[PDB]
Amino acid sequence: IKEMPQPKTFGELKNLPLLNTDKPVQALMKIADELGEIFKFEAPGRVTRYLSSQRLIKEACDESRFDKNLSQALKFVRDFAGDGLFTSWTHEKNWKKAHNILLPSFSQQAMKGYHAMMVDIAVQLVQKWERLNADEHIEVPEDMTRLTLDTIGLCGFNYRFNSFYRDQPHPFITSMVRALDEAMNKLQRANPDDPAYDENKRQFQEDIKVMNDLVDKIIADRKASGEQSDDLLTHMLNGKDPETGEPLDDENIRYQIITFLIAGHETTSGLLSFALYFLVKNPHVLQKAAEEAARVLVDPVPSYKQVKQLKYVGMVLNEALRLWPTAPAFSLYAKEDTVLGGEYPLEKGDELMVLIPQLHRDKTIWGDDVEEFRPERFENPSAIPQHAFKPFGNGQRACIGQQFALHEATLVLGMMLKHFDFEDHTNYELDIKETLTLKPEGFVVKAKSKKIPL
């Protein structure tokens, strides 16, 4: 039985000022490097413990001992994502009900049905880059966010955000980004009741109203038309939970749609941005991935079966998730009193934070070369120990979108590598912006077309 280290304190504010930064996850990673596999973090009226080792995280991932906790970040996102799957407690009736209804819609089998809509948006990205002039560059996270938002809009509810037709986002996206900004900024406030934050609170309420108005209108418009599409909204209007026998109500459907739009906008775009970053920084890997794309993607329109053949492209994506898991943390609470790792006694209700980027840097699992980008680490999936690699979270509360995200990212990265050579023309220095998620900021490249027709 051991005492936990704790980072530097600020009198009454305890550790809270350590999060007063635009890069709090990166700050916590530096604290984990200093203090090790576990540290205590205190704020006024709150304590959590940050876990960084596979040894402790494998126990945290025991669903008999720990369940998903809503972090303060998730509690603030709940103000607009409600009791959708991502911001509901496991014990809320709408969690298991929506999980049972939506699981089949997110299965590997279901991806065959979404493939044609993913190809539609992927072809728009390829055509955009084909149409750049010689002197021009690509804004990578910007274009990946246009793609992933558009894909989830079309597959989610047959709505075209038409992000490749715009400089300035769709108004829904303005409100959603500003709501996510307010949710994440609110975490840091030592003094959240200050009238200085009054304008923030007024804007947040207007942004929630905007998101609810468009999505409630989409649902009402679909129920009125009676149209049956191959989208998640059709599945949610028609679907019945086998357990309760009930369908989702229109309010919960709206929360699920908001939740899916947050995920598509924030997570898959980060993965694709980091993958391209690592490829241009590691030309041997880029060539190996480009050979696979050229050999496999023999038709102008990729098929579902061809995307499944892109093994090395999948390894590239997994190695990007290893180093920069774009959803960088998840939270757990102890279901009962328990002892973590034979050393750290916890009481029922005690909270843990899993620091996924630090888990993915555990040298006892990955070896001394943990900072190196080597997709070959993933050539044999069975060689990865259980709970060593958790970019999609854990257990029944793991990412429902995992198959969707990886199908989209594999298709898109495959097509990018088939159609273009890439140049890191600025020798870009990685700068990671933190929103809900991690993304390269300012990452630019030049494409050179291989002049392969669509």
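In case it trips you up, residue 1 is the first one in the sequence shown, and so on. Basically, rigid core = biggest C-alpha set you can superpose within 1.5 Å across the two forms.
Of the two segments 350-358 and 189-197, the one whose CA positions lie farther from the displayed form in 9 other deposited structures of this protein, once all are superposed on the rigid core, is 189-197.
When the other structures are laid on the shown form by the core, the C-alphas of 288-296 and 107-115 differ in how far they drift in 9 other deposited structures of this protein; the larger average drift belongs to 107-115. Across the two stretches, 336-344 and 288-296, the PDB entry reports the greater mean Cα temperature factor for 336-344. On average the C-alpha atoms of 62-70 have higher B-factors than those of the other stretch, with 62-70 and 399-407 being the two compared. Highest CA B-factor among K186, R131, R377, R146, as stated in the entry: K186.
Within the selection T244, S331, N282, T234, the deposited Cα B-factor values reach their highest point at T234. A190: CA B factor in the highest third of modelled residues in this chain (values from the PDB entry). Ranked by Cα temperature factor within the chain, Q386 sits in the highest third according to the deposited record. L35: CA B factor in the highest third of modelled residues in this chain (values from the PDB entry). Looking at the C-alpha B-factors along this chain, the one for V412 belongs to the lowest third. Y277 sits in the lowest third of its chain by CA B factor, as recorded in the PDB entry.
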